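The next block holds one structure in the form of structure tokens; read it before the comments.
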Amino acid sequence: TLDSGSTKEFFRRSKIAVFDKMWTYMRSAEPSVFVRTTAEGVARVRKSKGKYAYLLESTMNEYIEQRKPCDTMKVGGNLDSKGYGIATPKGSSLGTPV
Amino acid sequence: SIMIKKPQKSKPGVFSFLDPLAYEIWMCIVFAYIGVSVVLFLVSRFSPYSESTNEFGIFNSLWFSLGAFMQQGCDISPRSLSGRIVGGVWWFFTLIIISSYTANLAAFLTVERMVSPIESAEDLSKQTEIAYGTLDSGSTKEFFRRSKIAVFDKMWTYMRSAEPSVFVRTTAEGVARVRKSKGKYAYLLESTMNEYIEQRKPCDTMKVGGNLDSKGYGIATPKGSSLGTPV
Amino acid sequence: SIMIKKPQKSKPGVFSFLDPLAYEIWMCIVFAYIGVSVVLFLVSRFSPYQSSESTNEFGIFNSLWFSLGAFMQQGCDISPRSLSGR
Amino acid sequence: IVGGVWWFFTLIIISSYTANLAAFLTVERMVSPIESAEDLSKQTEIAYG
Amino acid sequence: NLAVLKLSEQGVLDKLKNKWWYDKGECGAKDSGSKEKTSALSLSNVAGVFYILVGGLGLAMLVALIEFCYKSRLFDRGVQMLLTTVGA
Amino acid sequence: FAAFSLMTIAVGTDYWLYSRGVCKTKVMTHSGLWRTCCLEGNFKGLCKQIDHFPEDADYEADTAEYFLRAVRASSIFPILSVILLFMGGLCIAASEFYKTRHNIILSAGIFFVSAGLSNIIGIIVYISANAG
Ligand SMILES: N=C(N)NCCC[C@H](N)C(=O)NCCCNCCCNCCCCCNC(=O)[C@H](CC(N)=O)NC(=O)Cc1ccc(O)cc1O
Ligand SMILES: N[C@@H](CCC(=O)O)C(=O)O
Ligand SMILES: N[C@@H](CCC(=O)O)C(=O)O
């Protein structure tokens, strides 16, 4: 996954057993299966030749699909229903007008 | 294990090669055969002007159409314009149907097996059509009571929410209920019971799916008697 | 979302036998048929050298018949009988 | 009325023949010399321990 | 606000949505959309072929009739040249 | 004469098929051409006249399901068999009178052939719209 990432924390805190085994494999990794940025993982999968999968969010996935060289591919369905939103410091006056 | 009424399979009859067409089609092709050959005769012998020049008659035409139909060739061909223009239609007529015949007989000669209904009991949790119960005062019934797997929990929910009673009082009672339910009441029992019911007449029952757990029969003694260790 | 009724299952129509091949392919079939018949007619009847023209039986109409017969798997009576039409 | 019957015969036979011929020329099934052993009693060839 | 996020995190929403939409797949196409029937050819499939057959019969018979009508009672080698020039 | 007799009987007939249906709304059915008559019920022999009126998805000019029905519930091809068959019977009866022209009876058999062709088309469309 992406380090310092909500997906990585999701697999940490997840309680579904298949995800638990996935988190077990990810924490028991030789070498590091994690990356530091998105394009890093992109290049890793573009060079892995079907040996390193990647996890990210569906919007990122379809944007990478709609670009050259189109050598990537979305497989399977989704897993949950996340959502982007606007973030404010807790209690400021900008919250309700935003 | 799960025991349900075995569906009655159909056996192929003697004339099981005329199957991939219907009897209406078989009579229509005969009618069309007669009509095409007689129209060819009519257009053939029509005083062209001398008269015995052409070779077609009723009998020649009758097997010309047949030898055109089955791909065996012929001996002679229509030479008049209209004879040719009707023979082309008969050629186009055979090329569709006999291709359909072979291509569909290829479909009939692949599978004969039934689609195998409600298997692995998950649809027994999903549908609401076929009922199912257990034996009362029974370890299986207590197992579904105390069970914590969610599919079994929903099964227990349906079994306790039953109208009328899906439970029975004896094994042969449930046997007769499934033998008369006509695919509407499933039954649950143990695999040895199931195979013994399968190996008897009228063999109208059937085991489906796999197993669910690993139970075991044993000898039972009152707690603490001297018979325990020698038994 | 939009809800409407169920529609009814439209069964295939009359001219459904020629369906598995595309219309363009049928067109090229017709054109090739005409062309092959004409070319075979040209190869025969080409002053073959008292029979110096009626050596073959391939008229234009006979060649038309031959091509149509050979296409649908029943060979006709005649045969090309000479080189370069075959 | 011999020959047309013979034609009907040849049609129904070889159409049945050529149904799935390609499946019958790539099969590659196994051999399995023994299963319920008892040739481990009978022969002397294959050892077992 | 905190509780709904707990439910979305632990997938209880997924479980309930499955229970009240997908476990009650009842009517038709959801259950029977992945099955197979072999065939049986009916006449309603093949009817235009018979129509073409009978129409061609009538056409051929008409052609023979007008042929006998003509022979009961190209042209000008020569103007064939006119025809082939205007055709070219 | 026998062909004309059998064709007129077969047209004037309420017994072609046997299925399970109704007699008269708003059961083994003694069904025929338009009188879908019935038997083996509360009453036996009340012959309802049938035509086309489905309750569909409102097919507008679906030709293969509309013009086909128009030819079905107006038997034009079956009735034309009777027409041409008696026309040819008239010509073969007029063989004797106005004779010695060796041309008239050629015209006769054409009607018999074409009447059979109309018959086979009618059988096809009847089975078609039964399964329709
Ligand atoms: N002058 C004097 N005195 N005498 C002169 C007299 C001379 C005399 N008139 C004379 O010369 N006569 C000569 C007449 C000779 N005419 C003979 C011509 C006969 N040719 C018939 C050839 C028919 C070939 C039929 N072929 C088929 O049916 C093919 C072959 C097959 N696979 O079975 N049918 C198919 O392929 C069906 C088929 C196709 C694909 C598939 O996946 C499955 C299938 O079943
Ligand atoms: N929106 C996410 C992206 C990374 C992830 O899904 O783990 C975040 O900011 O944490
Ligand atoms: N051996 C079981 C049979 C009945 C059951 O499985 O529930 C018992 O005595 O309880």
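Ordering of the structure tokens sets the chain letters (A, B, ...), residue numbers begin anew at 1 in every chain, and ligands are numbered from 1 in the order given.
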
Using only C-alpha atoms and all ligand atoms, find each residue with an atom at most 10 Å away from ligand 2 and format the answer as a PyMOL selection string.
-> chain A and resi 1-11+37-38+55-58+60+82-85

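Those protein and nucleic acid residues that have any atom within 6 Å of ligand 3 are, using only C-alpha atoms and all ligand atoms, residues 135, 138, 139, 140 and 141 of chain B.
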
Would you save the residues of that selection, restricted to C-alpha atoms, as a compact mmCIF listing (two decimals), in the first residue's frame?
```
# COMPACT_ATOMS: atom_id res chain seq x y z
CA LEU B 135 -35.59 -34.52 14.08
CA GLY B 138 -32.17 -34.41 18.31
CA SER B 139 -28.51 -33.45 18.45
CA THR B 140 -28.73 -31.83 15.01
CA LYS B 141 -31.59 -29.64 16.20
```

Excluding same-chain residues fewer than 5 positions from region 14-25 of chain C, what lies within 9 Å of it counting only C-alpha atoms, as a PyMOL selection string?
-> (chain B and resi 96) or (chain C and resi 30) or (chain E and resi 45-49) or (chain F and resi 64)

Env. residues ligand 1 / 12 Å / only C-alpha atoms and all ligand atoms / as a count of residues only | 53

Run DSSP on the backbone and grab whatever in chain C lands in helix (DSSP H, G or I); send it over as a ChimeraX atom specification.
-> /C:23-43,60-71

Pick out the chain A residues within 10 Å of chain E. Count only C-alpha atoms. Give them as an MDAnalysis selection string.
-> chainID A and resid 10 13:16 79:82

Please, could you write that set of residues out with C-alpha atoms as a PDB file, in the first residue's frame?
```
ATOM      1  CA  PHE A  10      -7.501   0.190   7.371  1.00  0.00           C
ATOM      2  CA  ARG A  13      -7.394  -2.133  12.124  1.00  0.00           C
ATOM      3  CA  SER A  14      -9.428  -4.483   9.918  1.00  0.00           C
ATOM      4  CA  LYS A  15     -11.135  -7.478  11.483  1.00  0.00           C
ATOM      5  CA  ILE A  16     -12.353  -9.420   8.441  1.00  0.00           C
ATOM      6  CA  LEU A  79     -14.186  -3.188  -1.214  1.00  0.00           C
ATOM      7  CA  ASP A  80     -15.940  -0.384   0.697  1.00  0.00           C
ATOM      8  CA  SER A  81     -17.411   3.128   0.416  1.00  0.00           C
ATOM      9  CA  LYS A  82     -14.941   5.834   1.382  1.00  0.00           C
TER      10      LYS A  82
END
```

Computed gap from CA of residue 67 (chain F) to CA of residue 47 (chain F) is 25.9 Å

Skipping near chain neighbours, those fewer than 5 positions away, what residues fall within 12 Å of residue 204 (chain B) using only C-alpha atoms, listed as a PDB file with N, CA, C and O atoms, in the first residue's frame?
```pdb
ATOM      1  N   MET B   3     -30.966 -34.557   2.367  1.00  0.00           N
ATOM      2  CA  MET B   3     -31.667 -35.549   1.570  1.00  0.00           C
ATOM      3  C   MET B   3     -32.903 -34.899   0.977  1.00  0.00           C
ATOM      4  O   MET B   3     -33.719 -34.333   1.710  1.00  0.00           O
ATOM      5  N   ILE B   4     -33.028 -34.961  -0.351  1.00  0.00           N
ATOM      6  CA  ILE B   4     -34.185 -34.436  -1.070  1.00  0.00           C
ATOM      7  C   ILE B   4     -34.647 -35.472  -2.086  1.00  0.00           C
ATOM      8  O   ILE B   4     -33.950 -36.446  -2.377  1.00  0.00           O
ATOM      9  N   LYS B   5     -35.827 -35.224  -2.646  1.00  0.00           N
ATOM     10  CA  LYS B   5     -36.412 -36.135  -3.619  1.00  0.00           C
ATOM     11  C   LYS B   5     -35.628 -36.096  -4.919  1.00  0.00           C
ATOM     12  O   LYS B   5     -35.411 -35.023  -5.487  1.00  0.00           O
ATOM     13  N   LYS B   6     -35.203 -37.265  -5.377  1.00  0.00           N
ATOM     14  CA  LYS B   6     -34.450 -37.366  -6.619  1.00  0.00           C
ATOM     15  C   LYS B   6     -35.334 -36.999  -7.799  1.00  0.00           C
ATOM     16  O   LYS B   6     -36.426 -37.563  -7.939  1.00  0.00           O
ATOM     17  N   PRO B   7     -34.930 -36.052  -8.639  1.00  0.00           N
ATOM     18  CA  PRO B   7     -35.741 -35.714  -9.809  1.00  0.00           C
ATOM     19  C   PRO B   7     -35.689 -36.833 -10.830  1.00  0.00           C
ATOM     20  O   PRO B   7     -34.647 -37.455 -11.037  1.00  0.00           O
ATOM     21  N   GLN B   8     -36.830 -37.096 -11.460  1.00  0.00           N
ATOM     22  CA  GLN B   8     -36.914 -38.182 -12.429  1.00  0.00           C
ATOM     23  C   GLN B   8     -36.310 -37.725 -13.744  1.00  0.00           C
ATOM     24  O   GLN B   8     -36.841 -36.829 -14.407  1.00  0.00           O
ATOM     25  N   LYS B   9     -35.199 -38.347 -14.120  1.00  0.00           N
ATOM     26  CA  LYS B   9     -34.518 -38.017 -15.355  1.00  0.00           C
ATOM     27  C   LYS B   9     -35.184 -38.718 -16.533  1.00  0.00           C
ATOM     28  O   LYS B   9     -35.830 -39.758 -16.389  1.00  0.00           O
ATOM     29  N   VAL B 175     -39.036 -38.984   6.317  1.00  0.00           N
ATOM     30  CA  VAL B 175     -38.833 -39.684   5.051  1.00  0.00           C
ATOM     31  C   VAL B 175     -40.082 -39.599   4.191  1.00  0.00           C
ATOM     32  O   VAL B 175     -40.023 -39.222   3.017  1.00  0.00           O
ATOM     33  N   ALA B 176     -41.232 -39.924   4.783  1.00  0.00           N
ATOM     34  CA  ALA B 176     -42.485 -39.895   4.041  1.00  0.00           C
ATOM     35  C   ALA B 176     -42.864 -38.475   3.661  1.00  0.00           C
ATOM     36  O   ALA B 176     -43.434 -38.243   2.583  1.00  0.00           O
ATOM     37  N   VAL B 178     -40.753 -36.032   2.895  1.00  0.00           N
ATOM     38  CA  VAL B 178     -39.981 -35.631   1.724  1.00  0.00           C
ATOM     39  C   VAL B 178     -40.388 -36.434   0.493  1.00  0.00           C
ATOM     40  O   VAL B 178     -40.428 -35.896  -0.619  1.00  0.00           O
ATOM     41  N   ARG B 179     -40.763 -37.704   0.669  1.00  0.00           N
ATOM     42  CA  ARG B 179     -41.247 -38.498  -0.455  1.00  0.00           C
ATOM     43  C   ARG B 179     -42.592 -38.021  -0.980  1.00  0.00           C
ATOM     44  O   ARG B 179     -42.965 -38.381  -2.100  1.00  0.00           O
ATOM     45  N   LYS B 180     -43.339 -37.246  -0.202  1.00  0.00           N
ATOM     46  CA  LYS B 180     -44.596 -36.716  -0.691  1.00  0.00           C
ATOM     47  C   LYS B 180     -44.571 -35.221  -0.965  1.00  0.00           C
ATOM     48  O   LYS B 180     -45.522 -34.705  -1.559  1.00  0.00           O
ATOM     49  N   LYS B 182     -42.781 -33.424  -2.992  1.00  0.00           N
ATOM     50  CA  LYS B 182     -42.528 -33.104  -4.400  1.00  0.00           C
ATOM     51  C   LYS B 182     -41.597 -31.905  -4.546  1.00  0.00           C
ATOM     52  O   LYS B 182     -41.937 -30.896  -5.166  1.00  0.00           O
ATOM     53  N   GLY B 183     -40.418 -32.019  -3.948  1.00  0.00           N
ATOM     54  CA  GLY B 183     -39.428 -30.969  -4.056  1.00  0.00           C
ATOM     55  C   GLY B 183     -39.777 -29.708  -3.311  1.00  0.00           C
ATOM     56  O   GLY B 183     -39.379 -28.621  -3.731  1.00  0.00           O
ATOM     57  N   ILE B 197     -30.853 -45.030   3.262  1.00  0.00           N
ATOM     58  CA  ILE B 197     -32.095 -44.739   2.553  1.00  0.00           C
ATOM     59  C   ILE B 197     -31.868 -44.729   1.048  1.00  0.00           C
ATOM     60  O   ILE B 197     -32.739 -45.155   0.279  1.00  0.00           O
ATOM     61  N   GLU B 198     -30.674 -44.329   0.609  1.00  0.00           N
ATOM     62  CA  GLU B 198     -30.378 -44.335  -0.819  1.00  0.00           C
ATOM     63  C   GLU B 198     -30.290 -45.750  -1.375  1.00  0.00           C
ATOM     64  O   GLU B 198     -30.760 -46.016  -2.486  1.00  0.00           O
ATOM     65  N   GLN B 199     -29.735 -46.685  -0.611  1.00  0.00           N
ATOM     66  CA  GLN B 199     -29.544 -48.037  -1.119  1.00  0.00           C
ATOM     67  C   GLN B 199     -30.775 -48.924  -0.966  1.00  0.00           C
ATOM     68  O   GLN B 199     -30.642 -50.151  -0.988  1.00  0.00           O
TER      69      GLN B 199
END
```

Which of chain B end up as strand (DSSP E) when DSSP is run on this backbone - answer as a compact mmCIF listing (two decimals) with C-alpha atoms, in the first residue's frame?
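Output contents, as saved in result-v6.txt:
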```txt
# COMPACT_ATOMS: atom_id res chain seq x y z
CA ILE B 2 -29.09 -33.21 3.09
CA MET B 3 -31.67 -35.55 1.57
CA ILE B 4 -34.19 -34.44 -1.07
CA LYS B 5 -36.41 -36.14 -3.62
CA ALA B 131 -38.83 -25.94 3.49
CA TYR B 132 -36.56 -28.05 5.70
CA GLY B 133 -36.54 -29.35 9.26
CA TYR B 185 -39.60 -29.96 1.87
CA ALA B 186 -35.94 -30.78 2.33
CA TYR B 187 -34.69 -32.90 5.20
CA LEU B 188 -31.62 -32.99 7.39
CA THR B 205 -34.32 -40.04 -2.74
CA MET B 206 -30.95 -38.43 -3.33
CA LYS B 207 -27.97 -37.14 -1.37
CA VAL B 208 -26.85 -33.67 -2.43
```

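Distance-wise, CA of residue 223 (chain B) and CA of residue 146 (chain B) end up 24.3 Å apart.
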
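As for CA of residue 111 (chain B) and CA of residue 27 (chain D), they are spaced 17.9 Å apart.
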
Set out as a Markdown table a contact list for chain F and chain E with a cut-off of 10 Å, giving each residue of chain F that qualifies its closest atom pair and distance in Å to one decimal, counting only C-alpha atoms, ordered by chain and rising residue number.
```
| residue | atom | partner | partner_atom | distance |
| --- | --- | --- | --- | --- |
| F:110 | CA | E:61 | CA | 9.4 |
| F:114 | CA | E:58 | CA | 8.2 |
| F:117 | CA | E:54 | CA | 7.1 |
| F:118 | CA | E:54 | CA | 9.1 |
| F:120 | CA | E:54 | CA | 8.9 |
| F:121 | CA | E:51 | CA | 7.6 |
| F:124 | CA | E:47 | CA | 7.5 |
| F:125 | CA | E:47 | CA | 8.4 |
| F:127 | CA | E:43 | CA | 7.5 |
| F:128 | CA | E:44 | CA | 5.3 |
| F:129 | CA | E:44 | CA | 8.3 |
| F:130 | CA | E:44 | CA | 9.4 |
| F:131 | CA | E:44 | CA | 6.9 |
| F:132 | CA | E:44 | CA | 7.7 |
```

File dump, residues just selected, N, CA and C atoms, as a compact mmCIF listing (two decimals), in the first residue's frame:
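Contents of the output file part_31.txt:
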```txt
# COMPACT_ATOMS: atom_id res chain seq x y z
N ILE F 110 -52.59 -26.43 -63.14
CA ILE F 110 -51.90 -25.30 -62.54
C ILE F 110 -52.61 -24.86 -61.27
N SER F 114 -51.01 -24.83 -57.49
CA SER F 114 -50.95 -23.60 -56.72
C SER F 114 -51.82 -23.67 -55.47
N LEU F 117 -49.80 -25.23 -52.92
CA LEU F 117 -48.82 -24.27 -52.42
C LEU F 117 -49.45 -23.32 -51.41
N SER F 118 -50.68 -22.89 -51.67
CA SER F 118 -51.38 -22.07 -50.70
C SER F 118 -51.65 -22.85 -49.43
N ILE F 120 -49.80 -25.29 -48.10
CA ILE F 120 -48.61 -25.49 -47.28
C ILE F 120 -48.23 -24.18 -46.58
N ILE F 121 -48.45 -23.04 -47.24
CA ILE F 121 -48.19 -21.76 -46.58
C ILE F 121 -49.14 -21.56 -45.41
N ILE F 124 -48.06 -23.62 -42.43
CA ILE F 124 -46.89 -23.01 -41.80
C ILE F 124 -47.30 -21.84 -40.91
N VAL F 125 -48.16 -20.96 -41.43
CA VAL F 125 -48.50 -19.77 -40.66
C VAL F 125 -49.41 -20.13 -39.50
N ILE F 127 -49.19 -22.97 -37.68
CA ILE F 127 -48.32 -23.49 -36.62
C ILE F 127 -47.50 -22.36 -36.03
N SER F 128 -47.09 -21.41 -36.88
CA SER F 128 -46.34 -20.24 -36.44
C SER F 128 -47.12 -19.42 -35.43
N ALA F 129 -48.36 -19.10 -35.74
CA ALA F 129 -49.10 -18.24 -34.83
C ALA F 129 -49.72 -19.02 -33.68
N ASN F 130 -49.79 -20.35 -33.77
CA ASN F 130 -50.06 -21.12 -32.57
C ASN F 130 -48.92 -20.97 -31.59
N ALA F 131 -47.69 -21.08 -32.08
CA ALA F 131 -46.55 -20.89 -31.20
C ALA F 131 -46.24 -19.42 -30.95
N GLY F 132 -46.96 -18.50 -31.57
CA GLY F 132 -46.68 -17.08 -31.44
C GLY F 132 -46.98 -16.49 -30.07
```

Could you give me, as number ranges by chain, the residues within 8 Å of region 67-83 of chain E, counting only C-alpha atoms and dropping anything in the same chain fewer than 4 positions from it?
-> B: 48; E: 63, 87

Just-selected residues, N, CA, C and O atoms written as a PDB file, in the first residue's frame:
```pdb
ATOM      1  N   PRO B  48     -41.766 -28.016 -75.003  1.00  0.00           N
ATOM      2  CA  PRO B  48     -40.899 -26.862 -75.278  1.00  0.00           C
ATOM      3  C   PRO B  48     -40.901 -26.435 -76.739  1.00  0.00           C
ATOM      4  O   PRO B  48     -41.140 -25.257 -77.026  1.00  0.00           O
TER       5      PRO B  48
ATOM      6  N   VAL E  63     -42.022 -17.788 -64.826  1.00  0.00           N
ATOM      7  CA  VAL E  63     -41.030 -17.630 -65.889  1.00  0.00           C
ATOM      8  C   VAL E  63     -41.296 -18.610 -67.023  1.00  0.00           C
ATOM      9  O   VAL E  63     -41.269 -18.247 -68.209  1.00  0.00           O
ATOM     10  N   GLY E  87     -22.492   2.031 -72.581  1.00  0.00           N
ATOM     11  CA  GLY E  87     -22.249   1.405 -71.296  1.00  0.00           C
ATOM     12  C   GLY E  87     -20.875   1.726 -70.743  1.00  0.00           C
ATOM     13  O   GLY E  87     -20.726   1.954 -69.541  1.00  0.00           O
TER      14      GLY E  87
END
```

Do you know which residues are at most 10 Å from residue 169 (chain B) counting only C-alpha atoms, after dropping those on the same chain fewer than 3 positions away, and could you put them as a ChimeraX atom specification?
-> /B:134-138,172-174

With a distance threshold of 10 Å and counting only C-alpha atoms, extract the residues of chain F near chain C and express them as a list in words.
-> residues 56, 57, 58, 59, 62, 63, 64, 65 and 132 of chain F

Excluding region 35-42 of chain C and any residue of its chain fewer than 2 positions from it, enumerate the residues within 6 Å of it, using only C-alpha atoms, and give them as a ChimeraX atom specification.
-> /C:32-33,44,60,63-64,85

Just the selected residues (C-alpha atoms), exported as a compact mmCIF listing (two decimals), in the first residue's frame, please.
```txt
# COMPACT_ATOMS: atom_id res chain seq x y z
CA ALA C 32 -16.67 -12.13 -55.96
CA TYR C 33 -19.26 -14.54 -57.34
CA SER C 44 -12.71 -20.32 -71.93
CA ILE C 60 -21.51 -17.30 -69.78
CA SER C 63 -20.22 -20.57 -65.98
CA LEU C 64 -22.72 -18.68 -63.84
CA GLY C 85 -9.73 -22.00 -65.87
```

Enumerate as number ranges by chain the residues belonging to chain B that approach chain F to within 9 Å, with only C-alpha atoms taken into account.
-> B: 24, 28, 31-32, 35, 38-39, 42

Selected residues written out with N, CA and C atoms, as a short mmCIF file (atom, residue, chain, number, x, y, z; two decimals), in the first residue's frame:
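Heads up, here's the output in part_29.cif:
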```cif
data_model
loop_
_atom_site.label_atom_id
_atom_site.label_comp_id
_atom_site.auth_asym_id
_atom_site.auth_seq_id
_atom_site.Cartn_x
_atom_site.Cartn_y
_atom_site.Cartn_z
N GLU B 24 -43.35 -31.07 -36.41
CA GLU B 24 -43.89 -30.13 -37.38
C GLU B 24 -42.89 -29.85 -38.49
N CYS B 28 -43.16 -30.70 -42.48
CA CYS B 28 -43.08 -29.61 -43.43
C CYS B 28 -42.01 -29.87 -44.47
N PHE B 31 -43.47 -32.28 -47.04
CA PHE B 31 -44.40 -31.57 -47.91
C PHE B 31 -43.66 -30.74 -48.95
N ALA B 32 -42.63 -30.02 -48.50
CA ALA B 32 -41.86 -29.17 -49.39
C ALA B 32 -41.09 -30.00 -50.40
N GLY B 35 -43.54 -30.95 -53.11
CA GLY B 35 -43.91 -29.80 -53.92
C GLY B 35 -42.81 -29.35 -54.85
N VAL B 38 -42.46 -31.88 -57.78
CA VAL B 38 -43.52 -31.87 -58.78
C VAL B 38 -43.50 -30.57 -59.58
N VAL B 39 -43.08 -29.46 -58.97
CA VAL B 39 -42.98 -28.22 -59.73
C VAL B 39 -41.85 -28.32 -60.75
N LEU B 42 -43.25 -30.23 -63.64
CA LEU B 42 -44.16 -29.41 -64.43
C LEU B 42 -43.40 -28.46 -65.34
#
```
